[PDB]
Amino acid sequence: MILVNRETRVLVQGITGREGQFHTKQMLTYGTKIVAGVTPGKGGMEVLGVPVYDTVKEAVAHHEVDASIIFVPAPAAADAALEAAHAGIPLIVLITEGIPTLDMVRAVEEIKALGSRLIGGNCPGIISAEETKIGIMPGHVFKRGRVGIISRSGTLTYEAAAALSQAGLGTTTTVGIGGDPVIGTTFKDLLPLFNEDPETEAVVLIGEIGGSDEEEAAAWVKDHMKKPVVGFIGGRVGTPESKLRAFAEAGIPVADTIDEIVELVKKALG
């Protein structure tokens, strides 16, 4: 696994909202160690046994936190991420969709400078199979195994994870990094972590049109990866052709279908 596991202590920002409450319940049931929640104006309340505070600073003053997950409304979501970073929280998972691009870029830059890792926004989060769940992904399709996943598409991530689980390969950590133009963590940032994780025997990269992250990741894989990588591009620099060419030139086998992801991983591991 990379980044998080069962021991990861989690803070939920926007815990009192409909989404926040629903997923706090799903995560608690999964085994995620949610230790506190934050919602301005709701400090003093309790959600599913989780104490709620008005600010992240107040929450961290009473609880050690390794990561935070944000369900705060779009207009204030970027600030919520910044609030977590200023409090010293190492990992910040920003779920919220619709955050203004300008807000997003400013948050990415400042949080990066502060030393925290930001996943998102507009993403499903991170899950370490049968260890911990810090996101909104369907937990049941992530059976524990040996394949790591980094994906810009939640849709394809779940199809791939379910297929890998059914094939007996399973998964380690899956990070849904988000498909929007501006994201805080991408392929190249996570590949080195998977490369050094002995539990991960192969990594699946799921990309799509736009940006240059897939192309940059391919170059990194070609020069530094020590284990198999399989790629998939949805919607079949910045074009699908450019990304397919980049993967091909990097020696990264590309699956044309979800089933081929499974077949290519099996082939690579022998």
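Quick note: we count residues from 1 along the sequence shown, nothing fancier.
Where coordinates are absent for parts of the deposited sequence, a chain break appears; between neighbours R236 and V237 it spans 10 or more residues. For the pair 73-81 and 118-126, the mean Cα B-factor is higher in 73-81. Comparing the deposited coordinates for 109-117 and 190-198, the stretch with the larger average C-alpha B-factor is 109-117. Per the PDB entry, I209 shows the highest C-alpha temperature factor of the residues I209, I206, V203, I34. Taking only the listed residues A217, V229, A59, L28, the entry reports the highest CA temperature factor at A59.
Ranked within its chain, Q21 lands in the middle third, by CA B factor from the PDB record. Ranked against the other modelled residues of its chain, the C-alpha B-factor of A67 as given in the entry falls in the lowest third. Sorting the modelled residues of the chain by their CA temperature factor places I258 in the middle third. In the PDB entry, a CA B factor belonging to the lowest third of its chain's modelled residues is recorded for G176. The entry lists a Cα temperature factor for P90 that places it in the highest third of the chain's modelled residues.
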